[PDB]
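S.K.: got the complex split up, this is the first portion:
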Amino acid sequence: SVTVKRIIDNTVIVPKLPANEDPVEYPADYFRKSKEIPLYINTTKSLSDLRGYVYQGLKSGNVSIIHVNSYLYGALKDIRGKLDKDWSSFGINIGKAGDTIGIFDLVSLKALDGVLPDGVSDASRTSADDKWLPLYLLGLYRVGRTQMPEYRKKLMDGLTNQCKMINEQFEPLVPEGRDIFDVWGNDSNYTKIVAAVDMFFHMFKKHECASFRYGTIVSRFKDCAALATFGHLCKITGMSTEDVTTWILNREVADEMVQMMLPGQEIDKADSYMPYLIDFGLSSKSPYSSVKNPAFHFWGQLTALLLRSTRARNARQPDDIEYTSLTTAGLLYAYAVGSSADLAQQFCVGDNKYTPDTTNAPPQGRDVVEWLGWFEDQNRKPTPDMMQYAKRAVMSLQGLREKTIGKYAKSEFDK
Amino acid sequence: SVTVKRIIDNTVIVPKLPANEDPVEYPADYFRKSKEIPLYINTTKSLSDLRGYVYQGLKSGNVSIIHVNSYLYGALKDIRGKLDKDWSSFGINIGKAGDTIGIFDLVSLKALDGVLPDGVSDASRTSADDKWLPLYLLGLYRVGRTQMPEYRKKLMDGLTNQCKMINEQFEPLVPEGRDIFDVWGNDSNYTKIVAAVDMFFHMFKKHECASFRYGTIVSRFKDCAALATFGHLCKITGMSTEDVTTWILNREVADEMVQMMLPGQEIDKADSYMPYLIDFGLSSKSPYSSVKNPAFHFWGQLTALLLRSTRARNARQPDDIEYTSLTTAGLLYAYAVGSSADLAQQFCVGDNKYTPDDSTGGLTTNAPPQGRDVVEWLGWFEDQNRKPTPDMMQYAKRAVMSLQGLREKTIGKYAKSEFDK
């Protein structure tokens, strides 16, 4: 099939179609360029000052990102945090035995010239400062990324978090529109700050100010949905990462799995940079994204859904994937895991179930090959019970959002 | 399966995935550091005073936790309480024979410098003091932890409790939001106080002021839900702790059970510190929590639910657990316990049911097992091609149909959907 030809007149034709570039970009394969995550923050000038440029700047539609940036640098040099262990990543040392370090031993710079208010926007603001203001500011990263009454859900609670040994009201005017400060997202250095705040308090989980991760948290594995629906599939099938992996039954799902699992990227690593590849700008097209792993994302979720997952219910149904092979392979894996439970006596009193005491009855366990065999044995077309299993998984599901694998499954199966 | 490889091009791949730290932390394995539960209470200055700093501080959005803390220390030195028995825990002596002791023989300190009002908030408040004000204050720990019209339920009654023998009325303004004083929770020393008040009155259950446990009670086994749904499963299957244990049929449920049952932690102990591991800060990630025991929590409740438990109805359905093996193993245990009751003559008059009659019969086959032995049932289940039977799934659908008012994301709502249709 490298070479197609029309039959009646017997002329060639080259079916070609619009290319589709943007390769992925891995964390590691970027520290092969630079060894530092440059955080340009400019006005290393007064903090007492900057604290004001932002309190006032926020109670109105205009506060410069460049200012909030610099404000955060100011509030966040709680050089607190004693590395009880070591800490490196991708070559980058960060601190060895017990070394005392702060949120920014992740390589600071300083940039350009333009900055708004003069000397003092107002003397009002005391150091009811770090206490919350940064929290609140970082928390707007989280709010900015969203779109439905979750925005007001997210703000309204990402605003009872500054009522924590503070007390207060709530600032800035317009609800949302992904517009009011949803631009901070677009700011290379802002993202770098939240990414650092999280990566830091992620490490020093017990810190007093660790409460700050409230908004800074949606940064960890930002754009790594498929990576995370992998881990969820595993957890929801109770199966091991490797055994789940064998259950991948489509070239372009395995292609993506291969792309995700690429080594020396610190995926699995305790406290690595990788989770923040996107916000630290180590990558501008993450290889763990739903969108670069559409087939994997669909399958893994559809499967988990069938296996009673609450999450998957609402996972988006990626477009331009082969739906009618991904679902089949999902159904099967779901069926396998589903029908044939994992029951096994765990405790006893000298007495336990030594277990080694029909035609076409589904396979004993969860071996891919046992099941593939069984399926081929099924003329390669999903069986009545399994399709019933599927219809039992999805009927009774209500409140399904359009274009989710949830709504997909229910339509594919309940009728 | 340590080593996976792609087939067509035959290259390796290492399926790895984001790690997941926060280990648990046990009570015991903390007194291997310190032998004291340090209650930093700073302003050991006047009480008549502090009683005011809080009465007024509360009738308004601003009262310092540091103040309530110190106020409680003041009101709660009812050094009352005669240890009729002994009393130790984790090495810590607390009082031997006849020893007379009070709520704070649990190791007090004193801290920093900042404190709000000057000399006198207002001379108003008499010693209509301990009588309730502490109760009320402690009661707000309980209220703070919550989220639905239970808040107003909980306050509205955790406020007819100060109308007791004292008859003194309701206070601050805003309903809730987990915000108004729901921050006292975050206070290391506050929690330590309520934890001590409970642990104490828990011991001296008959004390006059024991009425104080009203709010201080949600502290005992705070973050130990799986531990408690274990006990409930037991109670609800009438089975013994050990026989219930054998009925655990999933690696990760047993792993959790093992983690829970870890010895020398005083779980089972009369009046131990363990129940308060969280609030005394003996632990910052309790090993008895629903969340560190997700599979155990699910199973145990789902099962209990099936066995008619009223509680389980509303237990949350933990995420990222294997739902379709936990339910199977739950259904099975439920079925076992359910179908085959526990009937046996208990009393008589010289005449009783000798039960071993020549047990030869007709249902010569596949009828579910006589009793509740795991192995008898496992066998039977394997005998069932390892797929839950019609009656047992009917038993399940009888358990859950007719259940109404099920909350979303509870094992209740789960079971009804899994079974009623």
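M.R.: Cool, got the structure. Residues are numbered from 1 along each chain as shown, chains lettered A, B, ... in the order given.

S.K.: What residues does the stretch 251-400 of chain A have near chain B?
M.R.: A:254, A:257-258, A:261, A:263, A:267-270, A:275, A:307-311, A:337-349, A:351-353, A:355, A:357, A:361, A:364, A:392, A:395-397 (Cβ under 8 Å from any Cβ of the partner chain). (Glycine included, C-beta is placed from N, CA and C.)

S.K.: Going through these, which ones are buried?
M.R.: Those of these that meet the buried threshold are A:254, A:257, A:261, A:267-269, A:275, A:307-311, A:337-347, A:353, A:392, A:397, by 16 or more other Cβ atoms under 10 Å in any protein chain shown.

S.K.: Keep only those of those residues that are in strands.
M.R.: Among these, no member falls in strands (DSSP state E).

S.K.: List the contacts of the closest residue to residue A:14 other than its chain neighbours.
M.R.: Excluding the flanking residues, the one nearest residue A:14 by Cβ to Cβ, 6 or more residues apart in numbering or on different chains is residue A:4, at 7.2 Å. Neighbour list for residue A:4: A:12-15 [criterion: Cβ atoms under 8 Å, 6 or more residues apart in numbering or on different chains].

S.K.: And the strands in the stretch 51-200 of chain A, which stretches?
M.R.: A:88-89, A:92-93 (DSSP state E, counting those that start in this stretch).

S.K.: The residue in the stretch 151-300 of chain A positioned nearest to chain B sits in which helix or strand?
M.R.: The nearest approach of the stretch 151-300 of chain A to chain B comes at residue A:238, 3.3 Å away (Cβ to the nearest Cβ). For residue A:238, there is no host helix or strand (DSSP states H and E).

S.K.: Report how many residues lie close to the residue in the stretch 1-150 of chain A positioned nearest to chain B.
M.R.: Among the residues of the stretch 1-150 of chain A, residue A:85 lies closest to chain B, at 11.3 Å counting by Cβ to the nearest Cβ. For residue A:85, the neighbour count with other Cβ atoms under 10 Å in any protein chain shown is 12.

S.K.: List the contacts of it.
M.R.: Contacts for residue A:85 (Cβ under 8 Å, 6+ apart) come out as residue A:97.

S.K.: wait, isn't residue A:322 in contact with residue A:252?
M.R.: Yes - if you go by Cβ atoms under 8 Å, residue A:322 and residue A:252 touch, sitting 7.4 Å apart.

S.K.: Pull up the overlap in contacts between those two.
M.R.: residue A:295.

S.K.: Number of residues surrounding the residue of the stretch 151-300 of chain A closest to chain B?
M.R.: With other Cβ under 10 Å as criterion, residue A:238 counts 23.

S.K.: ok, now how distant is it from residue B:306?
M.R.: 21 Å (Cβ to Cβ, to the nearest Å).

S.K.: can you add chain C next? sequence is:
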Amino acid sequence: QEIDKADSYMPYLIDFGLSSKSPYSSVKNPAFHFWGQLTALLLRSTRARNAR
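M.R.: Placing chain C onto the earlier chains gives this:
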């Protein structure tokens, strides 16, 4: 014609006025457009649902 080409002019044949009747259009490829979408639709396509 550089259809498949990375960054070619072809995608803009219309707007660059390189063409005033594009050979890739639904309208000059009515049968192909129908078939391909109808098919895709059957194969669960979300897009095709709304193709004219």
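
S.K.: Please reconsider the neighbour count of residue A:238 now that chain C is part of the model.
M.R.: 23.

S.K.: Tell me the spacing between it and chain C.
M.R.: 29 Å (Cβ to the nearest Cβ, to the nearest Å).

S.K.: what does residue A:52 give?
M.R.: Look at residue A:52 and chain C: by Cβ to the nearest Cβ, they are 48 Å apart.

S.K.: show me what contacts the residue of the stretch 151-300 of chain A found nearest chain C?
M.R.: Chain C sits closest to residue A:298 of the stretch 151-300 of chain A, with a gap of 10.6 Å, by Cβ to the nearest Cβ. Neighbouring residues of residue A:298 by Cβ under 8 Å, 6+ apart: A:317-318, A:321, A:323, A:326, A:330, A:405.

S.K.: among the residues you listed, which two are most distant?
M.R.: Checked with Cβ to Cβ, the contacts of residue A:298 reach their widest spread between A:318 and A:330, with 12.9 Å between them.

S.K.: Between these two, tell me which one has more neighbours.
M.R.: Neighbours were counted for residue A:318 and for residue A:330 using other Cβ under 10 Å; residue A:330 has more, 30 against 22.

S.K.: Test my guess that the more buried one contacts residue A:312.
M.R.: No - if you go by Cβ under 8 Å, residue A:330 and residue A:312 don't touch, sitting 10.1 Å apart.

S.K.: Quick one: neighbours of the nearest residue to residue A:158 once chain neighbours are set aside, just the number.
M.R.: Once flanking residues are discounted, residue A:158 sits nearest to residue A:139: 4.2 Å by Cβ to Cβ, 6+ apart. Burial measure for residue A:139: 26 neighbouring residues, criterion other Cβ under 10 Å.

S.K.: Run the chain-centre distance for stretch A:283-292.
M.R.: 10 Å (Cα atoms, centre = their mean, to the nearest Å).

S.K.: what about it and chain C, touching?
M.R.: No - using Cβ under 8 Å from any Cβ, stretch A:283-292 stays clear of chain C, coming no nearer than 14.8 Å.

S.K.: could the contacts of residue A:298 be laid out in a markdown table, adding distance to chain C?
M.R.: Compiled in a markdown table, the contacts of residue A:298 are given as follows (distance: Cβ to the nearest Cβ, whole Å):
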| residue | distance to chain C |
| --- | --- |
| A:317 | 7 |
| A:318 | 9 |
| A:321 | 9 |
| A:323 | 4 |
| A:326 | 9 |
| A:330 | 13 |
| A:405 | 12 |
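
S.K.: From the residues you listed, list just the buried residues.
M.R.: Counted by 16+ other Cβ under 10 Å, the contacts of residue A:298 give A:317-318, A:321, A:323, A:326, A:330, A:405 as buried.

S.K.: tell me the contacts of the residue in the stretch 51-200 of chain A that chain C sits nearest to?
M.R.: Across the stretch 51-200 of chain A, the shortest distance to chain C (Cβ to the nearest Cβ) belongs to residue A:147, at 19.1 Å. The neighbourhood of residue A:147, defined by Cβ under 8 Å, 6+ apart, consists of A:176, A:178.

S.K.: next one is RNA strand D, place it on the structure:
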RNA sequence: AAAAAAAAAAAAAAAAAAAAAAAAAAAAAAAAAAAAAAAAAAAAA
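M.R.: Time to bring in RNA strand D:
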């Protein structure tokens, strides 16, 4: 009389799409919208 898509200028074609996205998932701790104790027919001269 003349007519006959309440067709149509073309060009057109997802009431698709900036990029990045992807549970309208999440500080963490939790987890019966259980629970002072005592009780518990919203039973009773």
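
S.K.: and the contacts of residue A:85, now that RNA strand D is part of it?
M.R.: residue A:97.

S.K.: ok, it to RNA strand D distance?
M.R.: Applying Cβ to the nearest atom of the strand, to the nearest Å, the value for residue A:85 to RNA strand D is 18 Å.

S.K.: can you give me phi and psi for that residue?
M.R.: phi -110, psi -150 (degrees, to the nearest 10).

S.K.: Correct me if wrong: residue A:401 contacts residue A:314.
M.R.: Yes - Residue A:401 is within contact range of residue A:314, at 5.9 Å (criterion: Cβ under 8 Å).

S.K.: Between those two, tell me which one has more neighbours.
M.R.: Remark: of residue A:401 and residue A:314, residue A:314 carries more neighbours, 16 against 12, as counted by other Cβ under 10 Å.

S.K.: Okay, and the beta partners of the closest residue to that one other than its chain neighbours?
M.R.: Counting by Cβ to Cβ, 6+ apart, residue A:404 is the residue found nearest to residue A:314 once chain neighbours are left out, at 5.1 Å. With DSSP bridges as the criterion, residue A:404 is bridged to residue A:316.

S.K.: Just list the residues touching residue A:404, thanks.
M.R.: Residue A:404 neighbours (Cβ under 8 Å, 6+ apart): A:313-317.

S.K.: Out of those, which are close to RNA strand D?
M.R.: A:314-316 (Cβ under 7 Å from any atom of the strand).

S.K.: Look at residue A:140 and say how many residues are nearby.
M.R.: Around residue A:140 there are 26 residues (other Cβ under 10 Å).

S.K.: no, scratch that, I was asking about residue A:75
M.R.: 24.

S.K.: Next, the contact list for it, please.
M.R.: With Cβ under 8 Å, 6+ apart, residue A:75 has these contacts: A:47, A:51, A:129-130, A:133-134.

S.K.: Mind putting these into JSON lines with neighbour count?
M.R.: Formatted as JSON lines, the contacts of residue A:75 follow (neighbours: other Cβ atoms under 10 Å in any protein chain shown):
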{"residue": "A:47", "neighbour count": "17"}
{"residue": "A:51", "neighbour count": "23"}
{"residue": "A:129", "neighbour count": "16"}
{"residue": "A:130", "neighbour count": "18"}
{"residue": "A:133", "neighbour count": "22"}
{"residue": "A:134", "neighbour count": "27"}
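
S.K.: who touches stretch A:265-274?
M.R.: A:26-28, A:37, A:87, A:89-90, A:92, A:199, A:202-203, A:227, A:260-261, A:280, A:282, A:288, B:16-19, B:21.

S.K.: Type out the PyMOL command that picks the buried ones from the residues you listed.
M.R.: The PyMOL command for the buried members of the contacts of stretch A:265-274 (criterion: 16+ other Cβ under 10 Å) is given here:
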select buried, (chain A and resi 26+27+28+37+87+89+90+92+199+202+203+227+260+261+280+282+288) or (chain B and resi 16+17+18)
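
S.K.: Good, wrapping up.
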